[PDB]
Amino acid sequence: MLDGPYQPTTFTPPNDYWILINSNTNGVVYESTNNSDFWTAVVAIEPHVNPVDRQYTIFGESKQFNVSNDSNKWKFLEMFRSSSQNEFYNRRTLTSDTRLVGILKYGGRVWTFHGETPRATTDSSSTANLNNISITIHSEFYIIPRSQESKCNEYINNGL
């Protein structure tokens, strides 16, 4: 079921597989785009961080985000834009003590986990071009087929 760990790389995964990323920095966890209507980058914020501006390179662009974390857990911020001439906004947050992040391509949508562990659930984001969405992963990752989502859900929420 759980294939991997696989080392950091760029590729475009098949549909119907969860990519489950074990984040190991407080920088950019992954960046994903089809260069048309879909850009998502996740940034990781360590526990107990007062509001502060931090610089991140995503999609070859230097960004400053105002960032905070009042929790005992890690916060993973989905930064999203739907066009190359928009700024990013914080579309989703995953508050986690597992440090695991999930991405799935399925049924015309991209699915990720958000909320707070151990009660994070999936959500979808629409796109007109799902097939050309690639991903750059900056950390070790695993592969779990959709068939076994309940397992991926367990991992996201309770760790490996």
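All residue numbers are counted from 1 along the displayed sequence.
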Quick one: say whether 17-25 or 143-151 has the higher mean Cα B-factor in the deposited entry. 143-151
Test of understanding: from the entry's C-alpha B-factors, which stretch has the higher mean, 48-56 or 88-96? 48-56
Can you pull the Cα B-factors for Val101, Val43, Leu130, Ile135 from the entry and say which is highest? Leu130
Select lowest, middle or highest to describe the third in which the CA B-factor of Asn66 falls within its chain in this entry. highest
